[PDB]
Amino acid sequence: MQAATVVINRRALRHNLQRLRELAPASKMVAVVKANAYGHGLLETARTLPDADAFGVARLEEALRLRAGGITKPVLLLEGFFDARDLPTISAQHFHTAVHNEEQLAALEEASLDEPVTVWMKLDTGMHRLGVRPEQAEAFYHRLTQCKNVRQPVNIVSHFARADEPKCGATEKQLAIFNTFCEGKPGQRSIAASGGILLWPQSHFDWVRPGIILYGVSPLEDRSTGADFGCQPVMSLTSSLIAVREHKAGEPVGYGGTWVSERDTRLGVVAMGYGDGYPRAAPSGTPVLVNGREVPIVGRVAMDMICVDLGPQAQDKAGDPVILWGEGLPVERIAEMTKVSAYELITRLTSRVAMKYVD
């Protein structure tokens, strides 16, 4: 292929897992690979990290897809199970699960399983998304230690809502609540994801759950990159030019006549659009690398194409290599220029994009 392609550096992936073990030296690793491993490929990303202590996924379907591909490490269902009839599979597949509601707990109480299941009680410490609230947590917790279907001890998990904002006391407050509930309880503790790992060493505890930074991308919007933490970028969104055309001063480009040229120039057309996952919101001027040289996007990003300004005697030609982000252009730079989160940029890509794996 020469069009929409994501190149995944397996070497950078391994480097990052090891680099994260250096940053959180007393904690085991839950490699978070939900949403097709953040756009890098669920199964391939798991196979690249046979050293991971466990893998984290959002849904049951993702975990099963890992077992189907031969992945054997423990897989953590971060949101738990959505149907009580799933417990038998989860037990047999040796999936570890979070438990945040009455339905899940009552399911565990009355299920009949050939083996008990490892559980992580999800505690709501401030995010107010999933989890048992503090005032209901002690009773809920106690019921889990009385389950024959739950492998003792009951582990405790939680998640930060604003760890990337060190100046507000949100994280210290969640930590305060997390610590109060865990006092005197056995079982592993886990509350830190990318942000907690890098900015809060007092939240590492027993297990940390690296997601975005595992792929060498910073979880912060302070324009820092994965390299700020010694992590190497894994993904490169690439394509090729499918046309190099003459253009003249005063002439607009693309839908809505969004951009008008102030000079005679040459425009390049890239085989990349939002039908591939590239943000339609990308404003003119956003950087793209053409033949390893940065050129600006001019005009509205279409479903399948993107126009760039090369210059009046630019000698680039149809077929030449284009980098939307990757090697000489961090996805964080593209997130600042487009105002789109790096999390979304690397993850919200379509099945039209080819996948390459190197090293």
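Quick note: we count residues from 1 along the sequence shown, nothing fancier.
- Look over 229-237 and 159-167 in the entry and identify the one with the greater average Cα temperature factor. The entry gives the higher C-alpha B-factor average to 159-167.
- Taking the recorded C-alpha temperature factors, which stretch has the higher mean, 38-46 or 298-306? According to the entry, 298-306 carries the higher average C-alpha B-factor.
- Top Cα B factor in the deposited entry, candidates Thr258, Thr265, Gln104, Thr97: Of the candidates given, the C-alpha B-factor peaks at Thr258.
- Item | Peak C-alpha temperature factor (PDB record), options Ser218, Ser203, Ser112, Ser284 | Among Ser218, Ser203, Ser112, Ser284, the highest C-alpha B-factor in the entry belongs to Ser112.
- When the modelled residues of the chain are sorted by Cα temperature factor, does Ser351 land in the lowest, middle or highest third? Middle third by C-alpha B-factor.
- Query: Considering only modelled residues of the same chain, in which third does the CA B-factor of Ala63 rank: lowest, middle or highest?
  - Reply: Lowest third, going by the recorded CA B-factors of the chain.
- Comparing against every modelled residue in the chain, figure out the third that the C-alpha B-factor of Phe181 lands in (lowest, middle or highest). Answer is middle: the recorded C-alpha B-factor places it there.
- Could you say whether, by C-alpha temperature factor, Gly70 belongs to the lowest, middle or highest third of its chain? CA B-factor rank for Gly70: highest third.
- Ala318: which third of its chain by C-alpha temperature factor? Its C-alpha B-factor, which the entry lists for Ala318, ranks in the highest third among residues of this chain.
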